[PDB]
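Q: The structure that follows is given in the form of structure tokens.
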Amino acid sequence: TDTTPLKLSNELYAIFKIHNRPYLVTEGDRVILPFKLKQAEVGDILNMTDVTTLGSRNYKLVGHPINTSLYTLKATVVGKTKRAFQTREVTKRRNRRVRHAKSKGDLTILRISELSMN
Amino acid sequence: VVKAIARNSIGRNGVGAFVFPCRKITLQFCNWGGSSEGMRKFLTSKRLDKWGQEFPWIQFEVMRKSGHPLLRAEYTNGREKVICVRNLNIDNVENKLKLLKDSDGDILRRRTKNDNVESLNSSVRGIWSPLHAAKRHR
Amino acid sequence: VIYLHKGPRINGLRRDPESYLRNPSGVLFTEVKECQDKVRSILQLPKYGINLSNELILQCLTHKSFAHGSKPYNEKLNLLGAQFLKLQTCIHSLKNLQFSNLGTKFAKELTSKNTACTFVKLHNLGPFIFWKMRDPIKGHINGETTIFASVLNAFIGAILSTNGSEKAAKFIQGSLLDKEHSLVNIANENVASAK
Amino acid sequence: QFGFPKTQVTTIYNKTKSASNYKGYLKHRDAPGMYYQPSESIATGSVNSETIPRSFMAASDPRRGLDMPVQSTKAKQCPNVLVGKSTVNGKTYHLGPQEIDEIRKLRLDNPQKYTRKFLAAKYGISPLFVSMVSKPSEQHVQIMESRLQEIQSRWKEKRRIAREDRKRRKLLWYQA
Amino acid sequence: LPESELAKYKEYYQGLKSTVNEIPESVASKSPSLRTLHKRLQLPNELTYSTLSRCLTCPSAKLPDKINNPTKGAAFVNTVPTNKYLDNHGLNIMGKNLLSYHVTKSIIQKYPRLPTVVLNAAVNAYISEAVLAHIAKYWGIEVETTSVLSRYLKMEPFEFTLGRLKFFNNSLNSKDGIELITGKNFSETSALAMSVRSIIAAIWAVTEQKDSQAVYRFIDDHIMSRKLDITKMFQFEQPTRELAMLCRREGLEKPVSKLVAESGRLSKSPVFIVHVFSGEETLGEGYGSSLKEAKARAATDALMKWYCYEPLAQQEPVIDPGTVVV
Ligand SMILES: [Mg+2]
Ligand SMILES: [Mg+2]
Ligand SMILES: [Mg+2]
């Protein structure tokens with residue numbers, strides 16, 4: 001697959017999928033994953049082994065896990081923090097008891113450090 | 001003629017090097033005070049030493065104050081999380097500490113549905129135009 | 001009646017192109033290779049292995065004032081060169097580990113434009129450069145010294161551009177031999193002391 | 001050149017009726033390989049390499065030979081917009097030094113009789129050129145300035161604000 | 001009088017001063033803050049902790065006469081007179097020089113033909129004082145905002161002091177909204193910048209021989225990694241003329257703006273698309289609410305294209321013929 005016009009461009013985007021959730025990024029972006037990572041700690045680096053689509057302004061390589069040979073896209077883990085706390089109030093319509101359903105889900109923050117053709 | 005209008009660069013923490021977000025952690029406790037028992041135990045138990053060994057880029061202060069026990073933590077961005085570990089036990093305190101370390105200092109905030117990426121880079125492809133569309137409308 | 005005014009000045013008409021493309025030496029910009037070779041020889045570019053194109057050399061030689069900057073400019077390269085040059089000087093000072101030699105008069109002298117100009121004059125590279133006199137008869141008051149300095153810096157910049165840093169550094173070192181730039185600096189310092 | 005298959009940004013749903021719906025796009029998946037997707041967008045603020053014209057690339061850059069700052073529009077068809085008369089019919093350098101001097105003298109003497117337009121008419125030459133050549137009596141300029149000031153004063157509140165806004169807009173429109 | 005507290009305090013002060021003069025290695029090692037800093041930035045191990053301490057120490061020889069007026073705004077009670085041969089003053093200059101060189105070079109590499117003014121602006125953005133201060137803050141280089149007497153009372157070792165940044169900071173400088181305006185020497189931001197520069201200088205010093213490019217790499221990781229959109233730096237006077245001049249200079253047919261598409265004429269908000277053609281090669285697309293505006297935009301676009309051209313690493317270093325002049 002002739003991958004020269006991706007090689008030559010300066011701006012380039014990628015659509016990698018973590019657990020099938022697609023995120024479309026360039027280098028320098030901050031991806032907020034809506035879950036807590038146990039594999040990676042803070043400061044670790046993830047090489048993305050599933051990238052659906054690499055694209056320039058006018059050309060785009062695509063494929064179900066396209067070869068890791070072709071590109072280098074690697075993200076560093078910055079933060080593991082939770083999204084803000086909420087108490088959604090659950091109740092019926094003539095019943096005095098209420099069930100406070102609390103929610104403070106967790107986030108993993110990445111930074112796309114490298115995004116290049118290989 | 002070309003005139004320059006001033007601006008400044010925006011820091012992207014992880015793209016070149018990665019500075020570790022947490023910098024100082026202050027284990028605060030009290031000799032007297034049952035609420036501070038777990039904290040005291042933690043301080044005693046070589047766990048702190050182990051933690052230090054693990055993570056040398058972050059410094060651990062150990063203060064003595066009369067109130068409830070705390071874990072005030074200080075981050076790169078400037079902000080400071082503070083967790084009162086009232087009446088917790090050793091393991092829970094450790095967990096709290098871990099949580100503190102993991103977080104970047106940034107404030108908590110409600111995310112909307114699917115707001116994942118956060119860029120300051122102009123779109124690689126342009127913003128759509130009706131006149132430069134491949135398919136005209138009717 | 002395509003009149004391409006060649007006189008002193010009218011403030012409106014375009015001139016004959018062949019009137020302002022002659023530098024104070026006289027040479028036509030379009031004319032000049034031999035000159036480039038001579039310049040190279042003067043520099044001593046071979047020895048350090050500094051390959052420069054003739055075009056680059058020409059650009060280095062010329063200045064903003066010549067041809068209203070219509071022909072290759074000079075300025076960016078000069079700017080680069082100065083930045084490099086200062087750093088190099090600082091490093092030299094450090095070498096000759098102690099950091100209490102930097103903010104001194106000698107260093108300043110070494111850095112300065114006047115010194116550079118003097119060096120250029122000594123070398124005998126003045127005839128080659130392209131620029132315009134403010135008033136043909138008035139010598140440095142036409143702003144010659146600054147131009148010379150720029151040219152010197154421009155050369156350095158060009159070398160940097162061609163060759164990645166190390167080569168440039170080597171060249172600088174060669175230039176600043178105590179056996180042979182710094183000998184001029186000392187003289188300048190002495191002069192300053194005297195006045 | 002490249003012989004890639006080209007495609008629109010496809011949706012499994014009807015584009016006409018539901019183009020903003022992200023889900024459709026996500027659902028769509030295309031056969032692995034390279035593709036040509038012309039950007040559905042103008043290249044005004046852009047600095048992308050696939051946006052730069054071949055004439056502005058250096059004679060060495062491999063991108064010159066490649067074909068992705070496409071010349072889709074053709075200059076034959078597009079009407080000239082807000083162009084000077086010298087562009088449509090080439091510039092002229094007919095006017096000598098004596099003539100210029102005379103013009104200057106005239107300007108110095110009587111600006112209201114011998115205004116720029118009049119001068120242009122006389123010497124088959126642009127008003128801009130005339131202006132470049134010759135400064136009018138400073139008194140005249142002063143008078144003009146005064147007049148302008150008066151006009152400005154005569155404005156209402158709203159108009160001034162509008163003017164300011166316009167100015168701001170103008171300023172903006174050279175940023176890109 | 002069983003306790004001469006003034007004497008003890010004096011002794012302590014003297015000790016502190018001595019330490020500052022020396023920056024003993026052992027003491028530096030003992031300091032936790034310094035250690036943390038070292039780990040954080042992944043500095044080379046050849047760089048000692050004494051050096052680090054020195055970097056954080058700004059030149060403070062003699063206490064000013066501005067101190068004697070705390071009634072008039074300022075009071076300097078935090079600092080202790082530094083050794084003249086062991087300050088960050090020299091290092092700082094070197095660091096600055098390095099920043100000037102390397103950043104500029106990088107910018108040039110990125111964008112040949114970048115108008116000189118614009119280039120300068122970019123450089124400033126990359127390494128202005130404020131930016132440097134911010135960077136320092138991020139790193140965690142904190143300032144000594146505690147009086148010597150206070151420190152003594154606390155009974156904190158000299159290690160902590162060493163770890164902190166040290167310059168003539170005005171204790172009581174923004175109290176009751178009164179700010180005593182002084183020179184560059186007494187500003188926090190400036191100090192921070194100096195410290196940053198000093199660190200770089202130190203790095204250079206240690207890795208001048210074993211790995212010359214190490215410093216540069218470090219800078220890239222930290223200073224050059226920062227986003228700056230170069231497109232946002234420009235501002236043109238009348239760009240059309242400039243464009244024409246550029247065309248003349250190069251081997252291009254005179255530029256002409258032409259209508260490509262138009263919609264909503266006779267409306268509050270129309271759209272006109274004008275390209276600036278040079279023969280056939282379209283030189284700049286430009287949209288606008290008015291025709292004039294569109295034309296202007298096209299010209300600007302063309303100019304941007306000309307300037308912000310970013311050639312590849314596989315190309316042979318391109319050198320522009322300076323800036324267009326009209
Ligand atoms: Mg019921
Ligand atoms: Mg209810
Ligand atoms: Mg529908």
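Going by the structure tokens order, chains are called A, B, ..., each with residues numbered from 1, while ligands are numbered from 1 in the order shown.
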Using only C-alpha atoms, which residues sit within 6 Å of residue E:201 once same-chain residues fewer than 3 positions away are excluded, as a VMD selection string?
A: chain E and resid 91 94 to 95 198 204
Q: Take the residues from that selection and put them in a file with N, CA and C atoms, as an mmCIF file, in the first residue's frame.
A:
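Result file follows (result-v4.cif):
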data_model
loop_
_atom_site.group_PDB
_atom_site.id
_atom_site.type_symbol
_atom_site.label_atom_id
_atom_site.label_comp_id
_atom_site.auth_asym_id
_atom_site.auth_seq_id
_atom_site.Cartn_x
_atom_site.Cartn_y
_atom_site.Cartn_z
ATOM 1 N N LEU E 91 26.011 31.425 34.919
ATOM 2 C CA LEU E 91 25.252 30.334 34.337
ATOM 3 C C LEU E 91 24.054 30.870 33.563
ATOM 4 N N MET E 94 24.608 32.229 30.125
ATOM 5 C CA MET E 94 24.907 31.109 29.233
ATOM 6 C C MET E 94 23.614 30.436 28.784
ATOM 7 N N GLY E 95 22.746 30.205 29.767
ATOM 8 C CA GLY E 95 21.449 29.570 29.545
ATOM 9 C C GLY E 95 20.634 30.366 28.546
ATOM 10 N N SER E 198 19.679 28.880 34.313
ATOM 11 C CA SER E 198 20.802 28.369 35.062
ATOM 12 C C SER E 198 20.806 26.876 34.990
ATOM 13 N N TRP E 204 24.390 21.885 30.300
ATOM 14 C CA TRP E 204 25.336 22.086 29.203
ATOM 15 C C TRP E 204 26.761 21.829 29.678
#
Q: Excluding residue D:32 and its own-chain neighbours fewer than 5 positions away, which residues fall within 12 Å of it when counting only C-alpha atoms? Please give them as a ChimeraX atom specification.
A: /A:1,51-54,60-67 /D:5
Q: Please compute the atom CA of residue E:55-atom CA of residue E:221 distance, one decimal, in Å.
A: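 Between atom CA of residue E:55 and atom CA of residue E:221 the gap is 19.9 Å.
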Q: Which chain A residues are at most 10 Å from chain B (counting only C-alpha atoms), as an MDAnalysis selection string?
A: chainID A and resid 10:13 21:34 41:45 55:59 74:86 104 107:114
Q: Residues of chain D within 8 Å of chain E: nearest atom pair and distance (Å, one decimal) for each, counting only C-alpha atoms, sorted by chain and number, as a tab-separated table?
A:
residue	atom	partner	partner_atom	distance
D:42	CA	E:285	CA	7.0
D:43	CA	E:285	CA	6.3
D:44	CA	E:301	CA	5.5
D:45	CA	E:301	CA	6.4
D:46	CA	E:301	CA	7.8
D:47	CA	E:305	CA	6.2
D:49	CA	E:310	CA	7.4
D:52	CA	E:305	CA	5.7
D:53	CA	E:283	CA	6.1
D:54	CA	E:281	CA	7.9
D:55	CA	E:281	CA	7.6
D:56	CA	E:306	CA	5.7
D:57	CA	E:309	CA	7.3
D:58	CA	E:318	CA	7.5
D:60	CA	E:315	CA	7.0
D:61	CA	E:315	CA	6.0
D:71	CA	E:281	CA	6.8
D:73	CA	E:260	CA	7.5
D:74	CA	E:280	CA	6.8
D:75	CA	E:280	CA	5.8
D:78	CA	E:259	CA	5.2
D:79	CA	E:258	CA	5.2
D:80	CA	E:258	CA	4.5
D:81	CA	E:258	CA	5.2
D:82	CA	E:292	CA	6.9
D:83	CA	E:257	CA	7.4
D:87	CA	E:256	CA	7.9
D:170	CA	E:293	CA	7.6
D:173	CA	E:297	CA	6.3
D:174	CA	E:236	CA	5.7
D:175	CA	E:235	CA	5.3
D:176	CA	E:300	CA	6.6
Q: Kindly compile the residues surrounding ligand 1 within 10 Å, counting only C-alpha atoms and all ligand atoms, and format them as a PyMOL selection string.
A: chain A and resi 92-95
Q: Which residues come within 7 Å of residue E:166, counting only C-alpha atoms, excluding same-chain residues fewer than 5 positions away, as an NGL selection string?
A: :E and (56-58 or 79 or 143-144)
Q: Take the residues from that selection and put them in a file with N, CA, C and O atoms, as a compact mmCIF listing (two decimals), in the first residue's frame.
A:
# COMPACT_ATOMS: atom_id res chain seq x y z
N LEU E 56 19.64 27.67 41.78
CA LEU E 56 18.53 28.30 42.50
C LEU E 56 18.88 29.58 43.32
O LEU E 56 18.02 30.17 43.97
N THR E 57 20.17 29.94 43.28
CA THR E 57 20.73 31.04 44.06
C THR E 57 21.07 32.23 43.16
O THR E 57 22.02 32.18 42.36
N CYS E 58 20.29 33.30 43.29
CA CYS E 58 20.47 34.52 42.50
C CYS E 58 21.40 35.49 43.23
O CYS E 58 21.46 35.48 44.46
N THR E 79 16.36 36.94 52.70
CA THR E 79 17.59 36.53 52.05
C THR E 79 18.80 36.67 52.95
O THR E 79 18.76 37.35 53.98
N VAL E 143 9.93 29.63 46.08
CA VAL E 143 10.68 30.81 46.52
C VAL E 143 10.81 30.84 48.04
O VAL E 143 9.92 30.39 48.76
N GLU E 144 11.93 31.38 48.53
CA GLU E 144 12.16 31.51 49.96
C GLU E 144 11.37 32.68 50.54
O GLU E 144 11.88 33.79 50.67
Q: Report as a Markdown table the residues of chain D within 9 Å of ligand 3, each with its shortest atom pair and distance in Å (one decimal), using only C-alpha atoms and all ligand atoms, ordered by chain and increasing residue number.
A:
| residue | atom | partner | partner_atom_place_in_ligand_line | distance |
| --- | --- | --- | --- | --- |
| D:14 | CA | ligand 3 | 1 (Mg) | 8.4 |
| D:17 | CA | ligand 3 | 1 (Mg) | 5.8 |
| D:18 | CA | ligand 3 | 1 (Mg) | 5.8 |
Q: Residues of the last selection are to be written out with C-alpha atoms, as an mmCIF file, in the first residue's frame.
A:
data_model
loop_
_atom_site.group_PDB
_atom_site.id
_atom_site.type_symbol
_atom_site.label_atom_id
_atom_site.label_comp_id
_atom_site.auth_asym_id
_atom_site.auth_seq_id
_atom_site.Cartn_x
_atom_site.Cartn_y
_atom_site.Cartn_z
ATOM 1 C CA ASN D 14 -29.171 9.418 4.396
ATOM 2 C CA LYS D 17 -31.597 14.246 5.932
ATOM 3 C CA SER D 18 -29.064 13.329 8.645
#
Q: Report as a ChimeraX atom specification: the residues of chain A with a DSSP assignment of strand (DSSP E), based on the backbone of this structure.
A: /A:13-18,21-25,30-33,45-47,51-55,59-62,71-82,86-90,99-103,106-117
Q: How many Å lie between atom CA of residue D:39 and atom CA of residue D:169, rounded to one decimal?
A: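 If I compute the distance from atom CA of residue D:39 to atom CA of residue D:169, I get 27.4 Å.
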Q: May I have the residues of chain D within 9 Å of chain A, counting only C-alpha atoms, written as a tab-separated table (two decimals) with N, CA, C and O atoms, in the first residue's frame?
A:
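Result written to iface.tsv:
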chain	number	residue	atom	x	y	z
D	2	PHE	N	-1.21	9.34	-8.12
D	2	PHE	CA	-1.63	8.16	-7.38
D	2	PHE	C	-2.95	7.65	-7.93
D	2	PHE	O	-3.83	8.44	-8.27
D	6	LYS	N	-11.23	6.97	-4.60
D	6	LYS	CA	-11.65	8.17	-3.89
D	6	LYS	C	-13.05	7.98	-3.34
D	6	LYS	O	-13.86	7.23	-3.90
D	26	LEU	N	-19.64	6.58	12.14
D	26	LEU	CA	-18.94	5.59	12.97
D	26	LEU	C	-19.25	4.17	12.47
D	26	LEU	O	-18.35	3.34	12.31
D	29	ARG	N	-17.87	1.52	7.58
D	29	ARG	CA	-16.51	1.00	7.55
D	29	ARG	C	-16.18	0.60	6.13
D	29	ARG	O	-17.01	0.00	5.44
D	30	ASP	N	-14.98	0.93	5.69
D	30	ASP	CA	-14.58	0.76	4.29
D	30	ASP	C	-13.40	-0.21	4.17
D	30	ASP	O	-12.62	-0.37	5.11
D	31	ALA	N	-13.30	-0.83	3.00
D	31	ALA	CA	-12.33	-1.91	2.78
D	31	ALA	C	-10.90	-1.42	2.99
D	31	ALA	O	-10.53	-0.38	2.46
D	32	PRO	N	-10.11	-2.18	3.76
D	32	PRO	CA	-8.77	-1.71	4.12
D	32	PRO	C	-7.95	-1.32	2.91
D	32	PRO	O	-8.02	-1.97	1.86
D	33	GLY	N	-7.18	-0.25	3.06
D	33	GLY	CA	-6.33	0.25	1.99
D	33	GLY	C	-6.20	1.76	2.03
D	33	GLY	O	-6.67	2.41	2.96
D	34	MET	N	-5.55	2.31	1.01
D	34	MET	CA	-5.42	3.75	0.87
D	34	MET	C	-6.65	4.32	0.20
D	34	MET	O	-7.36	3.61	-0.52
D	35	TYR	N	-6.90	5.60	0.44
D	35	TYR	CA	-8.04	6.29	-0.15
D	35	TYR	C	-7.72	7.75	-0.40
D	35	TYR	O	-6.90	8.34	0.31
D	36	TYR	N	-8.38	8.32	-1.40
D	36	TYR	CA	-8.28	9.74	-1.66
D	36	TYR	C	-9.59	10.39	-1.21
D	36	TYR	O	-10.66	10.07	-1.74
D	37	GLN	N	-9.52	11.27	-0.22
D	37	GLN	CA	-10.70	11.98	0.26
D	37	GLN	C	-10.48	13.48	0.14
D	37	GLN	O	-9.95	14.10	1.07
D	38	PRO	N	-10.89	14.08	-0.98
D	38	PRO	CA	-10.71	15.52	-1.12
D	38	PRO	C	-11.39	16.28	0.01
D	38	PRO	O	-12.54	15.98	0.33
D	39	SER	N	-10.68	17.22	0.61
D	39	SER	CA	-11.21	17.97	1.75
D	39	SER	C	-12.43	18.78	1.34
D	39	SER	O	-12.38	19.56	0.39
D	48	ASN	N	-1.39	23.80	5.76
D	48	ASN	CA	-1.11	22.40	5.49
D	48	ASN	C	-0.30	22.29	4.21
D	48	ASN	O	-0.48	23.08	3.28
D	49	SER	N	0.61	21.32	4.17
D	49	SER	CA	1.45	21.10	2.99
D	49	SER	C	0.62	20.75	1.75
D	49	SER	O	0.96	21.16	0.64
D	50	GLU	N	-0.47	20.00	1.95
D	50	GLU	CA	-1.38	19.65	0.85
D	50	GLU	C	-2.29	20.81	0.45
D	50	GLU	O	-3.22	20.64	-0.33
D	51	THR	N	-2.02	21.99	1.01
D	51	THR	CA	-2.76	23.22	0.70
D	51	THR	C	-1.88	24.23	-0.07
D	51	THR	O	-2.40	25.06	-0.81
D	62	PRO	N	9.87	17.01	-2.64
D	62	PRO	CA	9.18	15.97	-3.41
D	62	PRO	C	7.70	16.28	-3.69
D	62	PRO	O	7.18	15.84	-4.72
D	63	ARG	N	7.06	17.04	-2.81
D	63	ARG	CA	5.63	17.36	-2.94
D	63	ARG	C	5.27	18.09	-4.24
D	63	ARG	O	4.12	18.02	-4.69
D	66	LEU	N	4.11	15.52	-6.76
D	66	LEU	CA	2.82	14.94	-6.37
D	66	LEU	C	1.68	15.91	-6.67
D	66	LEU	O	1.92	17.08	-6.98
D	68	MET	N	-1.49	16.95	-5.04
D	68	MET	CA	-2.55	17.25	-4.06
D	68	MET	C	-2.69	18.69	-3.54
D	68	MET	O	-3.24	18.91	-2.46
Q: Based on only C-alpha atoms, which of the residues in chain B come within 10 Å of chain D? I want them as a PDB file with N, CA and C atoms, in the first residue's frame.
A:
ATOM      1  N   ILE B   5       1.818  40.051  15.877  1.00  0.00           N
ATOM      2  CA  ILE B   5       1.004  40.216  17.078  1.00  0.00           C
ATOM      3  C   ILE B   5       1.417  39.151  18.078  1.00  0.00           C
ATOM      4  N   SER B 122      -5.408  23.040  15.101  1.00  0.00           N
ATOM      5  CA  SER B 122      -6.392  23.279  14.047  1.00  0.00           C
ATOM      6  C   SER B 122      -6.646  21.997  13.267  1.00  0.00           C
ATOM      7  N   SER B 123      -7.914  21.743  12.957  1.00  0.00           N
ATOM      8  CA  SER B 123      -8.336  20.521  12.273  1.00  0.00           C
ATOM      9  C   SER B 123      -7.461  20.227  11.068  1.00  0.00           C
ATOM     10  N   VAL B 124      -7.056  18.970  10.920  1.00  0.00           N
ATOM     11  CA  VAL B 124      -6.161  18.580   9.833  1.00  0.00           C
ATOM     12  C   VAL B 124      -6.867  18.798   8.516  1.00  0.00           C
ATOM     13  N   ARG B 125      -8.066  18.243   8.423  1.00  0.00           N
ATOM     14  CA  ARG B 125      -8.968  18.556   7.336  1.00  0.00           C
ATOM     15  C   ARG B 125      -9.589  19.886   7.699  1.00  0.00           C
ATOM     16  N   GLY B 126     -10.109  20.603   6.721  1.00  0.00           N
ATOM     17  CA  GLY B 126     -10.738  21.878   7.024  1.00  0.00           C
ATOM     18  C   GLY B 126     -12.086  21.692   7.692  1.00  0.00           C
ATOM     19  N   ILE B 127     -12.668  22.797   8.137  1.00  0.00           N
ATOM     20  CA  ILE B 127     -14.057  22.806   8.557  1.00  0.00           C
ATOM     21  C   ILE B 127     -14.909  22.797   7.297  1.00  0.00           C
ATOM     22  N   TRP B 128     -15.916  21.934   7.267  1.00  0.00           N
ATOM     23  CA  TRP B 128     -16.793  21.794   6.107  1.00  0.00           C
ATOM     24  C   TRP B 128     -17.276  23.138   5.572  1.00  0.00           C
ATOM     25  N   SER B 129     -17.425  23.212   4.253  1.00  0.00           N
ATOM     26  CA  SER B 129     -18.039  24.362   3.595  1.00  0.00           C
ATOM     27  C   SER B 129     -19.100  23.877   2.609  1.00  0.00           C
ATOM     28  N   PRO B 130     -20.224  24.603   2.510  1.00  0.00           N
ATOM     29  CA  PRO B 130     -21.259  24.249   1.546  1.00  0.00           C
ATOM     30  C   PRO B 130     -20.790  24.373   0.098  1.00  0.00           C
ATOM     31  N   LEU B 131     -19.920  25.347  -0.162  1.00  0.00           N
ATOM     32  CA  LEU B 131     -19.422  25.620  -1.511  1.00  0.00           C
ATOM     33  C   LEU B 131     -18.292  24.682  -1.927  1.00  0.00           C
ATOM     34  N   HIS B 132     -17.547  24.164  -0.956  1.00  0.00           N
ATOM     35  CA  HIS B 132     -16.449  23.242  -1.239  1.00  0.00           C
ATOM     36  C   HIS B 132     -16.804  21.791  -0.906  1.00  0.00           C
ATOM     37  N   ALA B 133     -18.096  21.480  -0.884  1.00  0.00           N
ATOM     38  CA  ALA B 133     -18.551  20.114  -0.660  1.00  0.00           C
ATOM     39  C   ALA B 133     -18.358  19.293  -1.928  1.00  0.00           C
ATOM     40  N   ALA B 134     -18.145  17.992  -1.754  1.00  0.00           N
ATOM     41  CA  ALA B 134     -18.075  17.066  -2.880  1.00  0.00           C
ATOM     42  C   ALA B 134     -19.451  16.948  -3.527  1.00  0.00           C
ATOM     43  N   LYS B 135     -20.476  16.828  -2.689  1.00  0.00           N
ATOM     44  CA  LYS B 135     -21.857  16.783  -3.145  1.00  0.00           C
ATOM     45  C   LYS B 135     -22.507  18.128  -2.850  1.00  0.00           C
ATOM     46  N   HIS B 137     -25.834  20.501  -2.484  1.00  0.00           N
ATOM     47  CA  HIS B 137     -27.174  20.236  -1.983  1.00  0.00           C
ATOM     48  C   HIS B 137     -28.213  20.611  -3.038  1.00  0.00           C
ATOM     49  N   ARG B 138     -28.877  19.589  -3.576  1.00  0.00           N
ATOM     50  CA  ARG B 138     -29.830  19.732  -4.676  1.00  0.00           C
ATOM     51  C   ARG B 138     -29.214  20.432  -5.887  1.00  0.00           C
TER      52      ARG B 138
END
Q: Could you work out how far atom CA of residue E:52 lies from atom CA of residue E:199, giving the answer in Å with one decimal?
A: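 That distance, rounded to one decimal, is 7.0 Å.
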Q: Would you pick out the contacts of residue B:48 at 12 Å or less, using only C-alpha atoms, so that residues sharing its chain but fewer than 2 positions from it are not included, and give the list as a VMD selection string?
A: chain B and resid 25 to 27 39 to 46 50 to 56 59 to 62 90 to 91 93 to 94 97 to 98
Q: For the residues in that selection, give me N, CA and C atoms as a CSV table (one decimal), in the first residue's frame.
A:
chain,number,residue,atom,x,y,z
B,25,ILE,N,3.6,15.6,49.1
B,25,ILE,CA,2.5,15.0,49.9
B,25,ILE,C,2.9,15.2,51.4
B,26,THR,N,1.9,15.8,52.1
B,26,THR,CA,2.2,16.0,53.5
B,26,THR,C,1.2,15.1,54.3
B,27,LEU,N,1.8,14.1,54.9
B,27,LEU,CA,1.1,13.2,55.9
B,27,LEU,C,1.0,14.0,57.1
B,39,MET,N,-3.5,6.6,60.6
B,39,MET,CA,-2.4,7.4,60.1
B,39,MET,C,-1.1,7.1,60.8
B,40,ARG,N,-1.2,7.1,62.1
B,40,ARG,CA,0.0,6.8,63.0
B,40,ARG,C,0.6,5.5,62.6
B,41,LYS,N,-0.3,4.5,62.5
B,41,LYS,CA,0.2,3.1,62.2
B,41,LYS,C,0.9,3.1,60.8
B,42,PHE,N,0.3,3.8,59.9
B,42,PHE,CA,0.9,3.9,58.5
B,42,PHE,C,2.3,4.5,58.6
B,43,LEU,N,2.4,5.6,59.4
B,43,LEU,CA,3.7,6.3,59.6
B,43,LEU,C,4.7,5.4,60.1
B,44,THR,N,4.3,4.6,61.1
B,44,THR,CA,5.2,3.6,61.8
B,44,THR,C,5.7,2.6,60.8
B,45,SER,N,4.9,2.1,59.8
B,45,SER,CA,5.0,0.8,59.2
B,45,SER,C,5.9,0.5,58.0
B,46,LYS,N,7.0,1.4,57.8
B,46,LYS,CA,7.9,1.1,56.6
B,46,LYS,C,7.2,1.3,55.2
B,50,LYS,N,8.8,2.6,51.7
B,50,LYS,CA,8.6,1.9,50.4
B,50,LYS,C,8.1,2.8,49.4
B,51,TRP,N,7.1,3.6,49.7
B,51,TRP,CA,6.5,4.6,48.8
B,51,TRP,C,7.6,5.6,48.3
B,52,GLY,N,8.4,6.1,49.2
B,52,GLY,CA,9.4,7.0,48.9
B,52,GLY,C,10.4,6.4,47.9
B,53,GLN,N,10.8,5.2,48.2
B,53,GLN,CA,11.7,4.4,47.3
B,53,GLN,C,11.1,4.3,45.9
B,54,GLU,N,9.8,4.0,45.8
B,54,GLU,CA,9.1,3.9,44.6
B,54,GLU,C,9.1,5.2,43.8
B,55,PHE,N,8.7,6.3,44.5
B,55,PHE,CA,8.4,7.5,43.8
B,55,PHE,C,9.3,8.7,44.4
B,56,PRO,N,10.5,8.8,43.9
B,56,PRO,CA,11.5,9.8,44.4
B,56,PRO,C,11.3,11.2,43.9
B,59,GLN,N,8.0,14.5,47.1
B,59,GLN,CA,8.5,14.5,48.5
B,59,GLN,C,7.4,14.4,49.5
B,60,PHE,N,7.7,13.7,50.6
B,60,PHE,CA,6.8,13.4,51.7
B,60,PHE,C,7.1,14.1,52.9
B,61,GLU,N,6.3,15.2,53.3
B,61,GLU,CA,6.5,15.9,54.5
B,61,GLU,C,5.7,15.1,55.6
B,62,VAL,N,6.1,15.2,56.8
B,62,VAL,CA,5.4,14.6,57.9
B,62,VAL,C,5.2,15.5,59.1
B,90,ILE,N,-5.0,1.5,58.1
B,90,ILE,CA,-3.7,1.7,57.4
B,90,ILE,C,-3.9,1.6,55.9
B,91,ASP,N,-4.6,0.5,55.5
B,91,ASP,CA,-4.8,0.1,54.1
B,91,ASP,C,-5.6,1.2,53.4
B,93,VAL,N,-5.8,4.4,54.3
B,93,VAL,CA,-4.9,5.5,54.2
B,93,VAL,C,-4.0,5.4,53.0
B,94,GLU,N,-3.4,4.2,52.8
B,94,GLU,CA,-2.5,3.9,51.7
B,94,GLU,C,-3.3,4.1,50.4
B,97,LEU,N,-3.7,7.7,49.6
B,97,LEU,CA,-2.4,8.3,49.2
B,97,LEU,C,-2.2,8.0,47.7
B,98,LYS,N,-2.5,6.7,47.4
B,98,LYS,CA,-2.3,6.2,46.0
B,98,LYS,C,-3.2,7.1,45.0
Q: Could you please tell me, as a ChimeraX atom specification, which residues of chain B have an atom within 6 Å of chain E when using only C-alpha atoms?
A: /B:1-12,16-17,57-58,76
Q: Kindly indicate which residue among C:164, C:126, C:72, C:139 lies nearest to chain E, using only C-alpha atoms for the distances.
A: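 Of the candidates, the smallest distance to chain E is held by C:72.
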Q: Please identify every residue of chain C that has at least one atom no more than 9 Å from any atom of chain D, counting only C-alpha atoms, and report them as a ChimeraX atom specification.
A: /C:1-5,10-14
